[PDB]
Amino acid sequence: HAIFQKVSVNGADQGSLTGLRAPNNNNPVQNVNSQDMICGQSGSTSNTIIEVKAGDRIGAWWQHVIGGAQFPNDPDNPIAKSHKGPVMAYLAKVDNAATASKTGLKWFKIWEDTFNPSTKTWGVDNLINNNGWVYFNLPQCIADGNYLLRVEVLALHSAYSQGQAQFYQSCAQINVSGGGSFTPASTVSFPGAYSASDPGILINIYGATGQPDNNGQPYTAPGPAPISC
Ligand SMILES: [Cu+2]
């Protein structure tokens with residue numbers, strides 16, 4: 001239960017919900033065929049388009065509710081520690097990030113923080129450790145113009161049952177300058193890129209003692225592999 005609700009650009013705070021298509025509630029999406037999978041449930045919208053350079057260091061801030069912790073000493077802020085799982089980021093080229101319809105876009109993955117088996121650290125663990133922030137660089141080679149930046153948390157604490165993995169997503173509206181001439185060799189659809197039977201979605205992450213360490217085994221995030229320039 002958390003909402004991607006803020007972007008930073010090379011450390012510069014862009015402001016709460018600025019440039020975002022974000023849900024107004026922290027409930028998860030569990031049907032991977034739903035249109036809610038694209039940018040989360042329909043909620044707040046922004047007319048701002050965040051100016052970025054190719055290669056910039058992007059921060060995506062997650063918190064329990066809109067504005068931060070739900071109450072003093074909220075143990076589930078930025079997100080509950082039980083919610084082990086990967087964090088992923090996608091891009092989709094659009095003409096106008098402010099007015100583009102979210103449906104039918106062509107997505108490619110640019111970054112993910114999944115699971116380190118030897119340290120037993122999930123991407124959500126790093127999210128919690130960074131006070132709700134996840135950090136990644138935009139590719140240096142992507143072309144100039146508007147994009148939708150989709151950042152996603154996949155919580156697997158109940159994912160041992162079909163259709164009970166929990167997805168939390170928002171979209172950031174950005175414009176890229178100083179880019180290159182990269183075009184993805186292939187793209188995926190949302191909904192469509194994920195199946196409920198994917199080994200990273202229908203999965204028992206619990207080991208012998210009941211700890212969510214995936215029994216020390218490597219984890220396969222759903223969707224395509226991140227592009228590289
Ligand atoms: Cu939750």
Side-chain angles (χ1 to χ4, degrees), residues 1-9 12-52 56-71 74 76-80 83 85-94 96-105 107 109-113 123-124 126-128 130-136 138 146-155 165-176 189-191 193-194 223:
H1 291 67
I3 303 173
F4 167 28
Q5 55 186 267
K6 185 190 278 182
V7 175
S8 67
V9 181
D13 189 342
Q14 298 305 295
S16 183
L17 293 179
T18 298
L20 295 198
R21 310 182 181 196
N24 47 37
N25 68 79
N26 57 14
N27 292 324
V29 174
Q30 295 181 169
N31 194 322
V32 302
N33 291 337
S34 172
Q35 304 291 311
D36 296 340
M37 290 284 298
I38 305 170
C39 298
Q41 305 166 66
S42 183
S44 68
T45 53
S46 181
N47 284 318
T48 305
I49 300 172
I50 301 167
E51 294 290 335
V52 295
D56 274 356
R57 183 71 164 179
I58 304 306
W61 198 39
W62 303 75
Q63 292 285 274
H64 189 191
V65 298
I66 294 296
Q70 190 176 343
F71 52 88
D74 187 355
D76 299 337
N77 189 63
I79 194 171
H83 291 33
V87 188
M88 297 166 282
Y90 295 78
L91 286 176
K93 184 76 189 65
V94 296
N96 189 331
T99 61
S101 170
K102 66 184 183 186
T103 69
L105 302 183
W107 301 89
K109 183 183 291 172
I110 66 174
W111 175 88
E112 61 184 9
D113 182 0
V124 166
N126 292 323
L127 185 157
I128 296 171
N130 291 124
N131 302 126
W133 292 95
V134 303
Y135 296 105
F136 52 87
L138 289 179
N146 276 205
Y147 291 85
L148 289 194
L149 173 59
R150 173 188 187 272
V151 188
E152 176 175 40
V153 166
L154 167 53
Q166 298 184 5
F167 294 88
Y168 304 92
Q169 310 115 340
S170 304
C171 287
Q173 305 163 169
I174 67 172
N175 180 65
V176 171
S189 309
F190 278 110
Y194 302 165

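Position 1 is the first residue of the sequence; numbering continues from there. Scope of the values below: all heavy atoms of this structure, side chains included, with no hydrogens, waters or symmetry mates.
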(request) Would you please name every residue forming a ring-ring contact (aromatic ring centres under 6.0 Å, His included) with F136, sequence neighbours left out? (result) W111
(message) Tell me whether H83 contacts the main-chain N or O of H1 through its side chain, where contact means a donor paired with an acceptor under 3.5 Å.
(response) yes
(request) Give the intermediate values and the outcome of side chain to side chain contact (heavy atoms under 4.5 Å, CB included) for residues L91 and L149. (result) CA-CA 5 Å; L91 286 176; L149 173 59; 3.8 Å; yes
(message) Applying side chain to side chain donor-acceptor pair (under 3.5 Å), can you list everything that pairs with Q173, at least two apart in sequence or on another chain?
(response) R21
(request) Identify, with sequence neighbours excluded, every residue that meets side chain to side chain contact (heavy atoms under 4.5 Å, CB included) alongside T48. (result) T18, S46
(request) Please report the shortest heavy-atom distance between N25 and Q41, naming the atom on each side. (result) OD1-NE2, 3.0 Å
(request) Would you confirm whether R150, through its side chain, and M37, through its main-chain N or O, come within 3.5 Å as a donor-acceptor pair? (result) yes
(request) Kindly give the heavy-atom pair with the smallest separation between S170 and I3, and that separation in Å. (result) OG-CG2, 4.3 Å
(request) Please list, chain by chain and in numerical order, all residues satisfying side chain to side chain contact (heavy atoms under 4.5 Å, CB included) with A92, sequence neighbours excluded. (result) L105, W107
(request) Using the test side chain to side chain donor-acceptor pair (under 3.5 Å), find all partners of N175 that sit at least two apart in sequence or belong to another chain. (result) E51, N146
(message) For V9, give me all partners under side chain to side chain contact (heavy atoms under 4.5 Å, CB included), at least two apart in sequence or on another chain.
(response) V7, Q14, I50, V52, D56, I58
(request) Output all residues satisfying side chain to side chain contact (heavy atoms under 4.5 Å, CB included) with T103, sequence neighbours left out; order by chain, then residue number. (result) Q35, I38, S101
(request) Please name the pair of heavy atoms, one in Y90 and one in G223, separated by the smallest distance, quoted to 0.1 Å. (result) OH-CA, 3.9 Å
(request) Look at the rings of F190 and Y194 and say which category their plane angle falls in: under 30° parallel, 30 to 60° tilted, over 60° perpendicular. (result) perpendicular
(request) Applying ring-ring contact (aromatic ring centres under 6.0 Å, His included), name anything that partners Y147, two or more places apart in sequence or on another chain. (result) none
(message) Donor-acceptor pair, distance only, cut-off 3.5 Å: does the side chain of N130 make one with the backbone of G132?
(response) no
(message) For residues 23-41, which residue pairs pass the salt bridge (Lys or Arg N to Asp or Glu O under 4.0 Å) check, not counting sequence neighbours?
(response) none
(request) Output the distance between atom CE (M88) and atom CD1 (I110), rounded to the nearest 0.5 Å. (result) 12.5 Å
(request) Looking only at non-hydrogen atoms, find the nearest pair between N131 and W61 and report the distance. (result) O-NE1, 3.0 Å
(request) May I ask you to test the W62-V151 pair for a side-chain heavy-atom distance under 4.5 Å? (result) yes
(message) For a 4.5 angstrom cut-off between non-hydrogen side-chain atoms, does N24 reach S44?
(response) no
(request) Sequence neighbours left out, what passes side chain to side chain donor-acceptor pair (under 3.5 Å) with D74? Give chain and number order. (result) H64
(message) If I take atom CZ from residue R57 and atom OH from residue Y135, how far apart are they, to the nearest 0.5 angstrom?
(response) 8.5 Å
(request) Mind checking side chain to side chain donor-acceptor pair (under 3.5 Å) for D113 and listing every partner two or more places apart, or none if nothing turns up? (result) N126
(request) Sequence neighbours left out, what passes salt bridge (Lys or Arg N to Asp or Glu O under 4.0 Å) with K109? Give chain and number order. (result) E112
(message) I need the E152 CD to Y168 OH distance, nearest 0.5 Å.
(response) 12.0 Å
(request) Indicate the atoms forming the closest heavy-atom contact of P28 with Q166, along with that distance. (result) CB-CB, 3.6 Å
(message) To check you understand the geometry: which heavy-atom pair defines the closest contact between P23 and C39, and what is its length?
(response) CD-O, 4.0 Å
